[PDB]
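Same protein, same chain, two forms; see structure 1 and structure 2 below, as structure tokens.
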Structure 1
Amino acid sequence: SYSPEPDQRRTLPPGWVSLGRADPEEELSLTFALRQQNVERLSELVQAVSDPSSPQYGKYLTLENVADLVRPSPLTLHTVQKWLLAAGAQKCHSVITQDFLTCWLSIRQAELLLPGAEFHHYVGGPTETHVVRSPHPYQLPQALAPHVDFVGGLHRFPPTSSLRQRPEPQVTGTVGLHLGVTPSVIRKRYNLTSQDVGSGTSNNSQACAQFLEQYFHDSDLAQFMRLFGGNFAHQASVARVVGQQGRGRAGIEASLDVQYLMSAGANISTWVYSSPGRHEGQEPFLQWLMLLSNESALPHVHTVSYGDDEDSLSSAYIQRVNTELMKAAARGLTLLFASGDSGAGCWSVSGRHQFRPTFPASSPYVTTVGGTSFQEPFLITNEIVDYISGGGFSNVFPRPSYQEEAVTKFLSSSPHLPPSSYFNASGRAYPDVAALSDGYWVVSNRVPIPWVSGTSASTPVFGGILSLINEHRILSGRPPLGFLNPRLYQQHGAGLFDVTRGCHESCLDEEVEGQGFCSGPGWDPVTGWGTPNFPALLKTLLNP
């Protein structure tokens, strides 16, 4: 047998507790990632459909097209099906691309199927998220090496919300003319007029996902929109909620994404993806990702807050997830990911420090969004770096060709380069773009909450503005932008406000002294090309 994921971290993350051994007779649901075909061909098709210089630009695959391409061989399907049925799998589901298969097993059956697996219950975080995972590595038969990439639900823990304290209520002697960031502030700064809203006359649509154990509240959105939405046409309900069953407590992150996607992309049909509630063998992100490939008609724009440390992931998992992002890019979906909230990050390895990139932010196949702030508090002038803004260089994926010029220019030109030991100059660099990330208002459980901060905020803002641009494209009879990066870099970030002041954070240590990369003229790995000036950016994304 062999371990498919020797290099997946299995360590118990902070704020989690091991509760007990799972009962042999408990049932759990494990997702099996099956061996795809024609993946190299898929990468060629993506290169073509996303390159604005190609005759094939915008000619995206249907989900049917993708499935016909990448779906596993008959041998793979038959070998895995026989293998699972034998072990006692039940109530399995697949997806249209046929490259995921999820099945219920008993804990006993599962630990026979996957020798080494030892399932325990864990709880984590302020809302007591529950999972069942193995601290021990697992093995597959050699006969499955050709057929199975990995088994979801074994190791990787879902995200839990920070216990970091926001600023307390307080007096000042300047209570401001206006505290913090609201929809009005966003739309003013990025030059959306009141006319800059969806018309509902196409079937343009957009989507956000996050993966903390929090529930979406339509009531909070309604209140948010009454508070903040007075001066632009808006919708006060989502078009669809995917993944949420039952009633439960709202949270800041689950409020932020929707409330501000629907402010930046106003009067556009919006989905929410939101799977709180018990599914202990599911990984939340993998579930979401798998399910993209199970629905043919999707929103064009998806704004996603999710990250691990890149180094924590198995090769098997990270490479497969990257292929799933490729599949989405082949279909003309624009997937945006928050760049992270720890700057360049900090990783202690081999007695030393280096930067710590995150994934999927590091995927060459997503638009990754960093964070800016204003210089003075009250006042919506020029943008600078928000110190938390995630960025840096992959240790896994090589610099994609579409950022060769931009990155080489930065590396050759930047007067503030960190020590070379701290980063991988060869790697995919991010972010690609940026928006405000400091001091948002949300409504959660019917309470307005200020000082909400992070690239989780910037990300739905940037996405909404893209979704409004798509509305223009679609009404004029053109395909949506889809995978944006090739075009954006080819166009040297035209239409974006170039962020040139400030650096993001890193190790508080004797060498880099709390700073990672610095922003500069043009593309940098703190803010990318920078922030959306709508009317200017719109002009650059109309033809082709």
Structure 2
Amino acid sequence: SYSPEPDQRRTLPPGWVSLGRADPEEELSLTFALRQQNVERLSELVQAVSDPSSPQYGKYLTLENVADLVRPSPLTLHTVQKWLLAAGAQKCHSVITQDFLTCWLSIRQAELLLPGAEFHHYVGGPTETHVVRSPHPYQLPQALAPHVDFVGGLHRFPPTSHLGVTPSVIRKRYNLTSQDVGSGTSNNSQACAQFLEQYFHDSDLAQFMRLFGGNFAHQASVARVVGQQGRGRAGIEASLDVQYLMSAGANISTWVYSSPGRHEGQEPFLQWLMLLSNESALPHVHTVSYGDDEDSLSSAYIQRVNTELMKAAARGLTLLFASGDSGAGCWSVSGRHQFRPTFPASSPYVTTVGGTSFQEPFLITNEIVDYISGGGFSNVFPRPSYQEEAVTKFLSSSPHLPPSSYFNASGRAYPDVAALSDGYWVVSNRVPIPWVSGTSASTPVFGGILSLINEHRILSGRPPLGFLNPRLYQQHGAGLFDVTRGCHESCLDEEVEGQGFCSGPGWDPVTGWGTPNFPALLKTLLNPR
């Protein structure tokens, strides 16, 4: 037989208590990632539709278009089924793109179905979510190697984790006016997704807005919540996402994605991806907080996720991801240290958002790099051509360039952009919390400002921004305040003594093109083209 993910890290993360081996008769939800077809063609379409110097720019594909393009062959669907029918797979659902299948099997059924699998069960977090996973690798029978990419639910665990920043601070700094807000009578909407075991509360948002929202028109509440369950206790990550999205993109209808699938033995991020391909009418802008160490991921997983991201860009969705909170990172290989890039941040098909900080203790005059701001170079995805200019420029001109031992210069470099990541006020469990920091903060801020620009485009005769990056780089980041001072963190060692890459004049791998000066951005991204 065949082992599709031999390179998937299977080790138990910290914060997870191991219950023993799993009960034969105990159930499990596996999600089978079915072989797609015209992937190469999709990659061409994405570029045709998102490069502005291309006649098809903005001529986005409907979900239906995407499904006609990418859906598995009839041999795939038939073979995967039946094969699943036997082995007892019970009531399953697919999606529109029909390239995913989630079923219910008893573990002893799954264990025979996926030889090598040996399910244990765990409980983890501050909160405590249940999973069923296998610390041993699995195989598919050789038969359906060309029909299944991987099986979700086997190894990857869900995530576990100056002056104070206020909405007014953000609007002042990014030159948002009291009027620079949504005229919510179009179909423009925005979303944030988050995958911890937290709940966002309607009440906390209302409280937040009462305290902070006086000087701008704002939506009372969330338009829609996807993936809710029961009664909850709020956490700061779930609150920050929504509270700041709805402040940076003020009077705009907002959807919230609340760790889909999690309450079950499922991969939340995978489930959210799956969900994107099961509804045709989606928000134009999505801000996401999610990452793994790039090196921990199987090639099959990492490549397939990248394809799902491609499918998003084809539909004119603009996807933003936090660049991470560990700087360049730190990875000890053989017997050395390297930087440690992160993923879905390292994906070429996403807008990755870095972290910024105030320069002086008491003033908001200027932005400097925030120490924690994730950035770097992929070990998996080659430099996309859209950044060829900016990246080579950085490599050839940077004085504080780290030893090339620590990274791969040929890889997709990131982040793409940045915003304040330091010292946010959030409301959670009806209490205000002072000094919340992270690139999870900057991603929704950048997101909402983008979503606001989408309104000016669609109210006009124009299509949404979609996959922004090619335009962004093409226009030399124009519009964004260019962050020039500071470096992010890395390994506590002798070579690279706590220091990763540094910010410099052009684009850089700590803050991208820098930070959103709304008026300037508007202009540039509203130019005809």
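Between two forms, the rigid core is the largest collection of C-alphas that superpose within 1.5 Å. For residue numbers, the reference is structure 1: its sequence is counted from 1.
To test your reading of the superposition: with the rigid core aligned, which of 71, 473, 279, 409 moves its Cα by 2 angstroms or more between structures 1 and 2? Only 279 moves by 2 Å or more at its C-alpha.
What is the C-alpha shift for residue 375 between structures 1 and 2, rigid core superposed, to one decimal in Å? In the core superposition between structures 1 and 2, the C-alpha of residue 375 moves 1.3 Å.
Please report, in Å, how much the Cα atom of residue 393 moves between structures 1 and 2 when the rigid core is superposed. For residue 393, the C-alpha ends up 0.1 Å from its position in the other form.
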